[PDB]
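Same protein, same chain, two forms; see structure 1 and structure 2 below, as structure tokens.
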Structure 1
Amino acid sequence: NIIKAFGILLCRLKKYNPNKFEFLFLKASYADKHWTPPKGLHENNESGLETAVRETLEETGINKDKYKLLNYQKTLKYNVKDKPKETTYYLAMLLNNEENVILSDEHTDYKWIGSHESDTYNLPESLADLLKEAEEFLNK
């Protein structure tokens, strides 16, 4: 009954400019002002992490050899048309900031955003808070 999705919260260390991380957000092709990390539904015989890795590869062209999976995950439960949804994000750090992002038909744009940009990108509280808490983890 719950729609379950899995994604990689992909981050990178922000380049110097005269909350030090950025997160890869993708703009949905089929929605209005809808930006999320790479994510999607299970396929067969997948752990949540396997699903997250595959969906990230499908949606960005970035495979798991390009990032370091970190010891942080969070499950967000929220409503979509009053239908319960749960999305689990696994934090990973992209080792080369400048990896070429290759979008699929699912998205029209991407942006590496800081946690402070959450309101600008109209993120729901669950996602905004995910970014802040991930940055807290990254600063341990």
Structure 2
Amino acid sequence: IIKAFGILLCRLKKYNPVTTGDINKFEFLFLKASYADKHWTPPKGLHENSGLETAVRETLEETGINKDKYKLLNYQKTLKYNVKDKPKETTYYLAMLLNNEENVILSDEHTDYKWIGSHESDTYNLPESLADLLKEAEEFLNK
């Protein structure tokens, strides 16, 4: 079972079109893989040798954002997918930025970053499981 771990990093939206109803004030960091499928995902990476150690290191390497720049919230999820018919699990840990204006620094693994919401799932061509992830995360963040 191949294991990947990432941090689902959220921030507060800088603007809301509507400030009336029950709304989604939050948005998650998504990097666009520079190769192959050009996948959009949260920052993540392969376990080596704690899943959170993995998450924090790969998030650092992938975005330049260290653990001290964000607060790990009490929510997580595991997505199971088969890679070339080999069982894989990716666990994401919700974390919110302390500074809403923290700047993403990409490595050569990605070409683009966007802060998105669960409603933008299809536009970003996210698998139903990552959309589920975003949905649940928003449920948690807005409760």
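Throughout, residue numbering runs from 1 along the sequence of structure 1. Throughout, rigid core stands for the largest set of C-alpha atoms superposing within 1.5 Å between the two forms.
The rigid-core alignment places the CA of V80 2 Å or more apart between structures 1 and 2. Annotation: Cα of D65 displaced by less than 2 Å between structures 1 and 2, core superposition. Core-superposed comparison between structures 1 and 2: CA of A31 displaced by 2 Å or more. Here the two forms are laid over each other by their core, and the C-alpha of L130 is off by 0.2 Å between structures 1 and 2. Core superposition places the C-alpha of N96 1.0 Å apart between structures 1 and 2.
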